[PDB]
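To begin, one chain is listed below as structure tokens, in the form solved without its partner chain.
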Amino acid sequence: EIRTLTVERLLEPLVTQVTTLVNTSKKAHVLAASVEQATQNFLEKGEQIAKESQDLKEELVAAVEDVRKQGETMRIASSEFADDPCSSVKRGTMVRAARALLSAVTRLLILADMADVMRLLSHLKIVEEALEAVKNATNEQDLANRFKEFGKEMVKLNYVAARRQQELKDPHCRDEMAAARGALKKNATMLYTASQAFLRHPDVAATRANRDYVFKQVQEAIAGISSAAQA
């Protein structure tokens, strides 16, 4: 089971059409027709997904093509089944074709989910590194510049993470991710202020300790986002 509203919404229609068709001459052709409809509009959504993706693009395209083939096989098998409903052999061919189709679909979706997660994680690593550079700055000018860079990454990460957050079906996961994201945002300001406090008083041990501690909180928050995002 993969939990994502996009996955569930793309899956639902096709799977229900197919399941119904597998569970039952004029009307059989109708069911087959519905399955073909579901198949083709799912195919639309799929090639769109393939286009939009920035990670694992080629693979997604291939997976879409594979869905196209299994869809054709399924159509043929299902019409030949429709023409002769009580045929056990034709039924068997149809059902095998159906399993093959759903499997292809499933592969496509799992691949896609993986692409999304990988985008998010890429952003997270980039932001983590930018904040580490904030932590390690040695004067007010370079601190300001590293924070400038961090901001530019942070805005990319924020939409991606929010999008992901919107996809999670389980509200426990959803809200957990919201808290990790809030914590990251909060700790970025605290990191900046702590680094400022250290630069202003490098003599005082408390400041270096607090800066270090905050950066640890940042790392926890980031880990928390990636964890909650992978359900």
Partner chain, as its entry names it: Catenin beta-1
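Residue numbers count along the first chain shown, from 1.
Another form exists, deposited with its partner chain bound; not displayed. Remarks below refer to it.
Taking the partner from elsewhere, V218 is found to have every heavy atom lying beyond 4.5 Å of its partner chain in the entry with it bound. Contact check for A197: every heavy atom lies farther than 4.5 Å from its partner chain in the entry with it bound. Residue contact with its partner chain in the entry with it bound: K45 places a heavy atom within 4.5 Å of it. When contacts are judged by a 4.5 Å heavy atom cut-off, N145 does not count as touching its partner chain in the entry with it bound.
Note on contacts: among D113, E72, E80, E149, the single residue with a heavy atom within 4.5 Å of its partner chain in the entry with it bound is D113. Among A178, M190, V61, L31, the residue placing a heavy atom within 4.5 Å of its partner chain in the entry with it bound is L31. Three angstroms is the minimum change: in the entry with it bound, the CA atoms of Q48 and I126 sit closer than in this structure, by 3 Å or more. Between the C-alpha atoms of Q54 and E129, a gap narrowed by no less than 3 Å is obtained in the entry with it bound, as opposed to the form on display.
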